[PDB]
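Chain order of the listed sequences is D and A.
For what it's worth, PDB author numbering labels the leading residue of the first sequence as 28, then goes sequentially.
For what it's worth, PDB author numbering labels the leading residue of the second sequence as 28, then goes sequentially.
Reading through the structure tokens given below for one structure.
2 protein chains.
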Amino acid sequence: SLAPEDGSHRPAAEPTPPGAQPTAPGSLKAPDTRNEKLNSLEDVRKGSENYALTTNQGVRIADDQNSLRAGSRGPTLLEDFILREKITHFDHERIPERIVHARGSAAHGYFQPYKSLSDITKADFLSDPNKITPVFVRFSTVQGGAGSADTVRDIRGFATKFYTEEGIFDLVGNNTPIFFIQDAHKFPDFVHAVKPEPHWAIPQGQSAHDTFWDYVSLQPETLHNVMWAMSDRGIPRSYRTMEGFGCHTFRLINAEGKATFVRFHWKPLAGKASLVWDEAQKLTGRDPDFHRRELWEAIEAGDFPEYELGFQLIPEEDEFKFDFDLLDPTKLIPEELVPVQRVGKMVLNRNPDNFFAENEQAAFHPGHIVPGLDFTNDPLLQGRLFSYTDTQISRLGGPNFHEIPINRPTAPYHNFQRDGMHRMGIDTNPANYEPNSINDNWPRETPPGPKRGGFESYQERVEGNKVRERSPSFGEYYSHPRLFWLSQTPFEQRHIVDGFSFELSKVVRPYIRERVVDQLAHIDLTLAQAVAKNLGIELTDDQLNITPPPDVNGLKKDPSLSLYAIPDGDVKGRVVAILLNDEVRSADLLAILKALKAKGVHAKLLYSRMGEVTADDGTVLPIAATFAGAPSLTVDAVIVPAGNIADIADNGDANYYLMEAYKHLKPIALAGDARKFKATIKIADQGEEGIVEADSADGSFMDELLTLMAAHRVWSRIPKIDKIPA
Amino acid sequence: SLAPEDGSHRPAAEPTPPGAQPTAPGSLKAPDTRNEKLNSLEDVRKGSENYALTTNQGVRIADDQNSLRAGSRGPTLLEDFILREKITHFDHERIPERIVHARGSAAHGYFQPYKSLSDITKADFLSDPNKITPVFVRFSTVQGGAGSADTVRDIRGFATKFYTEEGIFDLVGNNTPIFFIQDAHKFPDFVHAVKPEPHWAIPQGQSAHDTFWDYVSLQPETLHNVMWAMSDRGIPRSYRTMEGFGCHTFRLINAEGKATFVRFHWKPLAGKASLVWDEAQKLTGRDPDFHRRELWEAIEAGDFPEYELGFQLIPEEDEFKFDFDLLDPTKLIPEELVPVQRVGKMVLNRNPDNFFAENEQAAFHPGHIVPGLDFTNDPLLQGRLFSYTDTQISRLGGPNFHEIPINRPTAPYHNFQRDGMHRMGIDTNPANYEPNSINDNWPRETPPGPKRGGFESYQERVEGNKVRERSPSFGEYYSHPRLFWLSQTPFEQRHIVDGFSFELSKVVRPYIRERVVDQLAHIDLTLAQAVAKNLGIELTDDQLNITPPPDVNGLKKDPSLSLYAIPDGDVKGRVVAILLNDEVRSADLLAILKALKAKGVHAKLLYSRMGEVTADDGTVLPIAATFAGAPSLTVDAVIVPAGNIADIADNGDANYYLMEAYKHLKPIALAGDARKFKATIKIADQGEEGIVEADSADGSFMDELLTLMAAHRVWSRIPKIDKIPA
Ligand code: HDE
Ligand code: HDD
Ligand SMILES: [S]
Ligand SMILES: [S]
């Protein structure tokens with residue numbers, strides 16, 4: 028008996044805020060959260076308490092602390108099969124990581140539609156508002172390895188596995204509505220350019236290097252998704268506060284056989300929010316697991332990530348009615364032209380039990396569609412359909428990867444396929460071929476129909492020669508970048524400019540920087556001049572005269588392209604650092620903590636050491652972390668309560684905490700004598716927007732703080748930080 | 028889409044300082060650097076210039092931009108074999124990463140002994156001071172994935188493959204002279220405890236989490252290597268500035284059959300140097316590839332990493348003469364008791380061509396020994412011999428891993444083994460078995476003997492019963508941690524206290540922190556109290572009365588265990604940041620660069636934008652990076668020349684650059700009006716040891732700065748940094 032007698036080793040099986048309890052496997056943390064897929068995994072879940080330690084063959088082990096040897100100081104004997112089985116399993120624990128999106132965090136939850144969509148699709152999962160579909164969702168970065176950092180600048184993956192009654196549907200999307208390239212044949216060129224360079228394998232988790240910007244400079248089709256990566260879109264606050272997109276035009280097919288073109292959307296119900304670059308980069312160092320941790324702890328807290336599925340729908344007759352090709356995955360469809368229609372809601376409400384078993388081994392692939400959905404000729408989508416099945420044969424060891432428990436359909440599956448490595452299913456069918464008479468031809472084909480029918484492809488007309496040729500309709504590269512640029516706020520534009528400037532400064536060959544700047548001059552002159560200035564590059568007279576590209580179907584902006592132009596803040600699940608002193612004014616802290624609790628905002632009590640401090644009234648305040656141990660990078664706002672300020676007024680870490688949070692545009696609130704920290708951040712006596720201050724934390728102090736938190740960051744402070752030494 | 032006409036895409040094939048040229052594959056950067064192993068790889072090196080792009084089957088490709096489709100907007104066709112080969116290769120690029128030491132950086136070089144060691148070993152590679160042995164060396168962390176960060180707190184690996192005339196010898200060592208555990212059987216328990224926890228796969232690259240500290244608190248045998256990990260040894264400045272150790276007692280066997288116990292050492296000729304924690308942690312975010320990059324750039328610069336191989340030799344009859352067991356790998360042999368005898372020098376002088384092929388696929392294993400060497404019954408070593416062959420079967424795809432080019436011996440190999448996946452060698456031998464008459468028994472066994480003989484194991488006497496039992500002589504855990512503690516300088520002690528304090532503050536379960544502090548009370552009360560104070564823990568009366576463990580064979584300390592107590596600094600290969608202004612005083616820059624060049628110290632010229640600035644005399648100065656883009660973390664010292672100081676005096680990044688360098692104990696030099704920055708770091712008029720200052724940069728100024736750099740950091744400044752908000 029090694030556990031503490033007080034039972035404090037074991038986290039309460041009830042929702043608890045971040046940091047309050049150690050984290051745990053989902054079935055231990057939240058045993059009564061269930062769905063059909065979670066229940067179906069019960070046949071393979073393995074417990075431990077009260078069981079004997081054994082070999083994999085079931086033999087109980089007496090001494091798991093020693094190898095068998097000839098004498099207690101002698102040589103280890105080959106007949107020690109317990110040692111060998113244990114070390115063999117260890118020596119083969121690793122499997123190949125994903126070629127891209129190797130870094131990813133996942134959770135279980137469920138989806139339900141708001142209403143039946145039978146008029147536009149026969150997909151069973153969308154047929155009835157009372158039909159609940161379990162999901163498993165993995166969010167990811169793109170470039171870095173499975174052991175790379177979360178808050179890099181990169182695109183994010185958002186993959187959802189829907190366990191429907193008519194088969195697995197995988198919606199394998201990203202957090203921007205387009206991709207860098209037009210044709211899948213170039214995917215290894217593009218990925219090789221952005222991945223670590225081949226001689227030395229540097230840099231990890233970063234497009235800020237020569238080969239990426241060389242490819243970009245030579246392939247102007249990439250510029251649209253580059254604009255997105257260079258914006259604050261490339262550095263999300265949380266996987267809960269990013270948008271999701273299905274990337275391509277697909278089809279919905281209804282019972283009557285009508286095809287409708289569709290693009291998939293996920294809207295984050297917690298709003299859109301991103302970090303700023305200095306903060307994101309420093310956070311990869313202070314907590315490279317910040318997004319993985321945040322997702323897990325939001326779920327443990329009951330701040331379940333929620334997303335609304337939406338569809339942009341385009342009738343078949345309108346295929347050619349846009350300035351851009353609907354099949355070109357480097358073009359978005361502006362919501363001003365084609366609104367997103369709300370479809371249903373997804374809630375992620377339980378973490379995995381074992382990350383390897385459920386997250387690392389999960390296989391998602393956009394060819395896993397169901398009757399009521401179909402593909403289009405998008406030439407990127409078309410090659411994806413090859414890759415996602417092929418890649419599993421090495422990654423997951425063979426063609427039986429659908430029998431790995433997380434991957435299994437909850438729908439029935441039966442067919443004549445046999446054997447392969449790791450075969451689990453034991454087929455009793457006398458027949459392994461069809462047509463057969465020996466089993467009366469079962470299992471049998473099923474005609475398509477309105478429900479529960481076999482899959483049949485939409486009978487799209489194909490006409491043309493066998494050609495390796497890009498459609499001329501795809502040959503336009505600058506208007507969508509420009510539409511994105513013009514849709515961003517002035518602070519968002521600034522962060523785009525700074526993204527390009529920072530990245531191109533890491534490009535060692537200066538001609539590549541020049542070449543990129545020339546491409547920027549084809550998008551927007553102000554953008555190009557500002558990046559040029561930061562690189563000490565002067566635009567030529569020709570570059571200054573490049574006529575900008577056309578508006579997109581008469582649009583000069585679309586505010587849905589901005590993270591921030593239309594406010595959508597939600598404070599629930601956000602977190603505030605509270606900087607303690609050794610004699611806190613307890614009435615300030617009561618007011619602060621209850622106001623935060625009322626809005627579902629968490630807190631972390633910080634000090635210069637661990638343990639406890641005592642408030643003016645004798646309340647014992649438990650310390651969550653030190654100032655250095657839990658830097659302002661990890662919180663959304665900082666509050667300093669009144670009290671013995673002299674305790675921390677000269678603490679370099681305390682001061683720096685505020686300078687850091689100040690630089691990164693976070694709200695800061697200062698009560699009572701905590702106002703002496705005004706001098707540290709240079710705040711005028713009469714105060715400034717984004718700094719909450721009063722004699723005490725009562726009255727409107729917490730409402731004003733919460734109002735600032737609802738708007739995410741204090742963009743007005745940007746000219747002020749430019750000269751802060753932090 | 029081509030190269031610039033000025034040829035600036037291509038790095039000069041000459042040694043060049045870091046940042047002067049883009050880095051390149053070793054055979055192109057240094058084509059005249061050769062050794063027997065590098066040459067033998069010529070059969071598989073593949074160029075590219077002037078060659079046609081092809082499939083893997085040698086078919087020239089006309090259009091590498093497009094998939095084959097039916098019309099230019101049509102579906103992709105299954106007959107596109109060029110697309111499918113290219114995507115299939117890409118889909119299967121990844122192989123499983125190493126179970127441990129997955130993160131590593133490697134180079135080629137050579138070794139030679141100083142004198143023949145034939146009196147103690149018949150190993151051919153130690154037999155003649157003029158026989159050169161090619162090596163390939165991989166340096167690594169331990170816990171994190173292949174895409175984790177370099178400057179984490181962790182043990183480092185130091186593995187050397189010697190391609191000898193009598194076979195491959197791999198010396199597979201670490202940067203500390205012991206390991207955490209005693210018996211190989213516990214290796215998966217320990218590794219699982221330090222690795223990301225299994226529910227959520229957090230944290231990456233860090234022992235700062237509950238499971239690791241839980242295991243340590245329950246297994247006091249770990250405390251010795253924990254002491255080393257918590258010290259600054261856990262955060263080396265560079266792989267060139269750490270020691271290497273072979274971890275176990277091995278044996279040398281001479282021609283007369285005499286056995287001598289030996290422990291292996293590598294002494295860095297660039298001296299011993301480590302980061303400080305805050306710097307190390309921030310650098311994992313600002314450059315997670317810092318040690319990989321620094322190693323590669325040192326070799327491109329000609330600052331070849333050099334190490335001296337050294338042996339601790341113990342005669343056989345002295346096996347039991349110490350107060351610890353020689354076979355216990357948690358115990359070190361103090362150099363005060365047994366001196367390291369210098370044996371030879373290893374120089375790393377070329378980088379690989381392709382990191383995957385040469386680095387990722389290299390397989391090192393300590394059972395790969397050669398005649399003249401042998402094992403002992405160390406129970407950690409004993410089990411390692413099982414693991415390093417077994418693990419390659421999955422990692423490298425089968426039993427022909429020695430045919431992967433980097434792993435091939437340069438010595439002949441012939442045997443009767445056949446087949447296995449991706450078998451390269453085509454055996455012509457009529458016989459695949461022995462004894463045979465049909466090939467007159469070739470290849471044949473060879474008797475053991477003085478040189479070129481068959482391997483025979485030293486005939487060690489074994490006497491004991493078949494037992495799973497730890498030797499009673501291994502059951503002492505506190506004396507070596509105490510010896511280590513007492514041998515550290517006071518600032519090294521403080522950093523150890525700080526590492527335990529910082530780590531234990533991230534352990535969520537408070538009873539684990541308490542149990543570790545109790546263990547510390549068994550080693551040293553001063554250490555234990557200092558950690559307790561930071562965790563808000565109070566030692567009990569009993570804990571206060573724990574009798575300190577005994578001295579190690581009479582030793583109160585051994586200064587060879589400290590990084591810094593005996594000066595051994597070498598500035599060649601270090602780097603200085605030079606903060607420019609838009610009118611640099613060229614006379615200062617002239618004298619700065621002249622002095623730096625004379626000691627082989629590199630410079631990086633920094634500014635607030637990229638491009639060029641012009642000095643007072645018209646000299647045009649290209650800018651390597653911005654203040655933000657190459658932070659003071661990445662350099663050893665900072666110099667600010669005179670000139671138009673107003674240009675940068677109110678720049679927040681330039682001021683912070685000095686604040687961060689100051690906090691991290693780095694030398695700073697300020698010439699002319701740059702002395703105005705003394706105000707940002709609160710240096711008094713009189714000046715301060717560690718801040719060099721004068722009217723101009725001259726002989727005296729540079730000598731002073733270079734003296735400071737030879738001492739690595741300004742430890743006397745430590746009292747002054749608590750207050751700086753940085
Ligand atoms: C639309 C969102 C999107 C796009 C446009 C692409 N990826 Fe993805 N990808 C694989 C291949 C692949 C191809 C061939 C193309 C364009 C031709 C794309 N990608 C672009 C893959 C190598 O087969 C992949 C790696 C492992 C795997 O199972 O499939 C893969 C991963 C991936 C993920 C991660 C899903 C997960 O396992 O968490 C996501 C979200 C995308 N891709 C999105 C995506
Ligand atoms: C019984 C298991 C076992 C134990 C007890 C040890 N090792 Fe080990 N080591 C392995 C089992 C292993 C391994 C699992 O087999 C690895 C990873 C995969 C590989 O090829 O070997 C490995 C890799 C590995 C590497 C990386 C070589 C490379 O760059 O590829 C180094 C430097 C060490 N080990 C060093 C050590 C040291 C100094 C030890 C303490 C004396 C030690 N190992 C004990
Ligand atoms: S996409
Ligand atoms: S070791």
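Ideal Cβ placement from N, Cα and C applies to all residues, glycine included.
In chain order, what are the residues with a CB under 5 Å from some non-hydrogen atom of ligand 4?
-> A:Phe-206, A:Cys-274, A:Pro-356
Please check the pair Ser-99 (chain D) and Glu-321 (chain A), which I expect to be a contact at CB under 8 Å, by giving their CB distance rounded to whole angstroms.
-> Working through the first sequence from its first residue, we reach residue 99 (chain D) at position 72. Working through the second sequence from its first residue, we reach residue 321 (chain A) at position 294. Between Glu-321 (chain A) and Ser-99 (chain D) the Cβ distance is about 45 Å, and since that is not below 8 Å, they are no contact.
Entirely within the stretch 181-245 of chain D and at least 4 residues each: give me those alpha helix (DSSP H) ranges in chain order.
-> 214-221, 237-245
Neighbour flag for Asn-381 (chain D) against chain A, beta carbons, 8 Å = Position 354 of the first sequence holds residue 381 (chain D). Yes, its Cβ sits closer than 8 Å to a Cβ of chain A.
Within chain A, the residues that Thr-357 (chain D) reaches when beta carbons sit closer than 8 Å = As a first step, residue 357 (chain D) is located in the first sequence; it is residue number 330 there, counting from the start. Within 8 Å Cβ-Cβ: nothing; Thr-357 (chain D) doesn't reach chain A, min ~14 Å.
Within chain A, partners of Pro-215 (chain D) - CB distance below 8 Å = As a working note, residue 215 (chain D) is residue 188 in the first sequence. Residues of chain A passing the Cβ test: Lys-113, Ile-114, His-116, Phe-117.
Have a look at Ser-613 (chain A) and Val-667 (chain A) and give me their C-alpha separation to the nearest angstrom.
-> Locating residue 613 (chain A) in the second sequence gives position 586, counting from the first residue. Locating residue 667 (chain A) in the second sequence gives position 640, counting from the first residue. Their backbone Cα atoms lie some 12 Å apart in a straight line.
Would you check if there are 3 or more beta carbon pairs closer than 8 Å linking the stretch 234-253 of chain A to the stretch 389-405 of chain D?
-> no
Contacts that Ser-414 (chain A) makes with chain D (C-beta to C-beta distance below 7 Å) | Position 387 of the second sequence, counting from 1, holds the residue named residue 414 (chain A). By Cβ distance, chain D contributes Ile-114, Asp-118.
With 9 Å as the C-beta to C-beta threshold (strictly closer), list the residues of the stretch 457-484 of chain A near chain D in chain order.
-> none
What did DSSP end up calling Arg-125 (chain D) once you bin it into helix, strand or coil?
-> Here residue 125 (chain D) corresponds to residue number 98 of the first sequence, with the count starting at 1. Reduced to three states, the DSSP call for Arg-125 (chain D) is coil.
According to DSSP, is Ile-465 (chain D) helix, strand or coil?
-> If you number the first sequence from 1, residue 465 (chain D) lands on position 438. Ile-465 (chain D) falls in the coil class under three-state DSSP.
For the alpha helix (DSSP H) that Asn-682 (chain A) lies in, which residues bound it at each end?
-> As a first step, residue 682 (chain A) is located in the second sequence; it is residue number 655 there, counting from the start. Its alpha helix (DSSP H) spans residues 679-690.
Contact set between the stretch 198-212 of chain A and chain D, restricted to residues whose Cβ is under 7 Å from the partner | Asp-210, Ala-211, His-212
Apart from the five residues just before and just after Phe-351 (chain A), which ones in its own chain have a Cβ nearer than 6 Å to its Cβ?
-> Indexing the second sequence from 1 puts residue 351 (chain A) at position 324. Here the set comprises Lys-358.
Who are the neighbours of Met-686 (chain D) on chain A, taking C-beta pairs under 8 Å?
-> For the purposes of this step, residue 686 (chain D) is taken as residue 659 along the first sequence, with counting starting at 1. Near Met-686 (chain D) (Cβ distances below 8 Å), the residues of chain A are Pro-752.
Inter-residue spacing [alpha-carbon to alpha-carbon] between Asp-305 (chain A) and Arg-313 (chain A) = Here residue 305 (chain A) refers to the residue found at position 278 when the second sequence is read from its first residue. Here residue 313 (chain A) refers to the residue found at position 286 when the second sequence is read from its first residue. Taking the straight line joining both Cα atoms gives about 12 Å.
May I ask you to report which of helix, strand or coil DSSP gives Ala-655 (chain D)?
-> Here residue 655 (chain D) corresponds to residue number 628 of the first sequence, with the count starting at 1. Coil, per DSSP.
Examine chain A for any beta-carbon lying closer than 8 Å to the beta-carbon of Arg-313 (chain D), and answer yes or no.
-> Translated into positions along the first sequence, residue 313 (chain D) becomes position 286. Chain A, which has a Cβ nearer than 8 Å to the Cβ of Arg-313 (chain D), makes this yes.
Secondary structure of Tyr-440 (chain D), DSSP reduced to three states = Here the question's residue 440 (chain D) lines up with position 413 in the first sequence. DSSP places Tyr-440 (chain D) in coil when its eight states are reduced to three.
Count the other CB atoms, across all protein chains shown, that sit within 10 Å of the CB of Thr-473 (chain D); report buried if there are 16 or more and exposed otherwise.
-> Sequence index remark: in the first sequence, residue 473 (chain D) carries index 446 (1-based). Classification for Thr-473 (chain D): exposed.
Decide yes or no for the touch test of the stretch 129-147 of chain D against the stretch 135-151 of chain A: beta carbon pairs closer than 8 Å, at least 3 of them.
-> no
Distance between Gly-101 (chain A) and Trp-469 (chain D) (C-alpha atoms, nearest Å) = Position 442 of the first sequence, counted from the start, is the residue given in the question as residue 469 (chain D). Position 74 of the second sequence, counted from the start, is the residue given in the question as residue 101 (chain A). Taking the straight line from one Cα to the other gives about 36 Å.
Using a C-beta cutoff of 8 Å, does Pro-49 (chain A) count as contacting chain D?
-> Walking along the second sequence from the start, residue 49 (chain A) turns up at place 22. Taking Cβ atoms only, chain D reaches closer than 8 Å to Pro-49 (chain A), which makes this a yes.
Reduced DSSP secondary structure (H/G/I, E/B, other) of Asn-376 (chain A) | Stepping through the second sequence from its first residue, residue 376 (chain A) is reached at position 349. The answer is strand: DSSP assigns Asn-376 (chain A) an E or B state.
Three-state class that DSSP yields for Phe-277 (chain A) in the structure shown | Numbered from its first residue, the second sequence carries residue 277 (chain A) at position 250. Note: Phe-277 (chain A) maps to strand in three-state DSSP.
Can you tell me the Cβ-Cβ gap for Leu-685 (chain D) and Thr-707 (chain D), rounded? I've got them flagged as a contact below 8 Å.
-> Counted from its first residue, the first sequence places residue 685 (chain D) at position 658. Counted from its first residue, the first sequence places residue 707 (chain D) at position 680. About 6 Å; that satisfies the 8 Å criterion.
Quick one: complete beta strand (DSSP E) runs, 3+ long, within the stretch 558-613 of chain D?
-> 602-606
DSSP bridge partner residues for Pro-295 (chain A) (one or two, in chain order) = Working through the second sequence from its first residue, we reach residue 295 (chain A) at position 268. DSSP output for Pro-295 (chain A) lists A:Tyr-334 as bridge partner(s).
Please name the residues in the stretch 149-181 of chain D whose beta-carbon is closer than 7 Å to at least one beta-carbon of chain A, in chain order.
-> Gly-171, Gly-172, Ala-173, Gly-174, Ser-175, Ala-176
Can you say whether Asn-83 (chain D) is buried or exposed, counting buried as having 16 or more other CB atoms within 10 angstroms of its CB?
-> Within the first sequence, residue 83 (chain D) is the residue found at index 56, counting from 1. Flag for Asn-83 (chain D) reads exposed.
Measuring from the CB of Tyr-242 (chain D), is there a heavy atom of ligand 1 at a distance below 7 Å?
-> Numbered from its first residue, the first sequence carries residue 242 (chain D) at position 215. No - ligand 1 has no heavy atom lying nearer than 7 Å to the Cβ of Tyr-242 (chain D).
Anything in chain A within Cβ reach of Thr-653 (chain D), meaning under 9 Å, just list it in chain order.
-> Locating residue 653 (chain D) in the first sequence gives position 626, where the first residue counts as 1. Going along chain A in sequence order, the residues near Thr-653 (chain D) (Cβ under 9 Å) are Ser-528, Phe-529, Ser-532, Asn-561.
Using the C-alpha atoms, what's the distance from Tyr-591 (chain D) back to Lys-294 (chain D)?
-> Residue 294 (chain D) sits at position 267 when you count from the first residue of the first sequence. Residue 591 (chain D) sits at position 564 when you count from the first residue of the first sequence. Approximately 14 Å, taken between the alpha carbons.
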